[PDB]
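To begin, one chain is listed below as structure tokens, in the form deposited without the DNA.
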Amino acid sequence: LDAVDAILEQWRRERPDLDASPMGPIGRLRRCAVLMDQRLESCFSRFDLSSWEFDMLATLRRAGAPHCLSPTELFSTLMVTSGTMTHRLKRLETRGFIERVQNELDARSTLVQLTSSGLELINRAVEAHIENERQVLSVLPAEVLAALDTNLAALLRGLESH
């Protein structure tokens, strides 16, 4: 048994009138995601990056040269969505990783361009990030990791179809 089985056993004792079985899968998902985040940010911290900072920089990098995206395009291609980007983009601009250039097709619009400093940083960070993620998943059998990847895609399909 694990810590989520112990929690389900606590609810079998405290609220026997309720069926708390849906807590199982969701609890393990959220518990794994928090522990996974600690493993990832232990690598991101070597570059003075948070998780959202790496996400925004890697998203601009994935767009290809000249690594310039609109805020709408940037938001839609992030690995994980979140709240507004106003303050997060403002901090990345202060650190010199991104610059807000004026859209040539609309003067009253702005575009997000990865600077040459953020480009050199994100190219080094993505290399260490990939190797770090490989070490984390390395402890699982290949058949289990492939099944978890497929079952997570099924869960993601239902969440985004909502």
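Sequential numbering from 1, following the sequence displayed.
Below, we turn to the form solved in complex with the DNA, even though it does not appear here.
Novice: Looking at 65-73, 129-137, 116-124, 28-36, which lies within 4.5 angstroms of the DNA in the bound PDB entry, counting heavy atoms?
Specialist: Contact-bearing stretch, as computed: 65-73.
Novice: Decide whether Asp106 counts as a contact residue for the DNA in the bound PDB entry under a heavy atom distance cut-off of 4.5 Å.
Specialist: Yes, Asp106 sits close enough to the DNA in the bound PDB entry that at least one of its heavy atoms falls within 4.5 Å.
Novice: With the partner left out of view, is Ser82 within 4.5 angstroms of the DNA in the bound PDB entry by any non-hydrogen atom?
Specialist: Yes - in the bound PDB entry, heavy atoms of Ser82 and the DNA come within 4.5 Å of each other.
Novice: Check whether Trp52 has any heavy atom within 4.5 Å of a heavy atom of the DNA in the bound PDB entry, and answer yes or no.
Specialist: Heavy-atom contact with the DNA at 4.5 Å: present for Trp52.
Novice: Hey, in the bound PDB entry, does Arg100 get a heavy atom within 4.5 angstroms of the DNA?
Specialist: Flag for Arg100 set to yes.
Novice: In the bound PDB entry, do the Cα atoms of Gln102 and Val80 sit closer or farther apart than here, given a shift of 3 Å or more?
Specialist: Between the C-alphas of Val80 and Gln102, the gap narrows in the bound PDB entry (3 Å or more compared with this form).
Novice: Once you compare with this form, do the C-alpha atoms of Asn103 and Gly83 lie closer or farther in the bound PDB entry, given a change of 3 Å or more?
Specialist: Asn103 and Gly83 sit closer together in the bound PDB entry.
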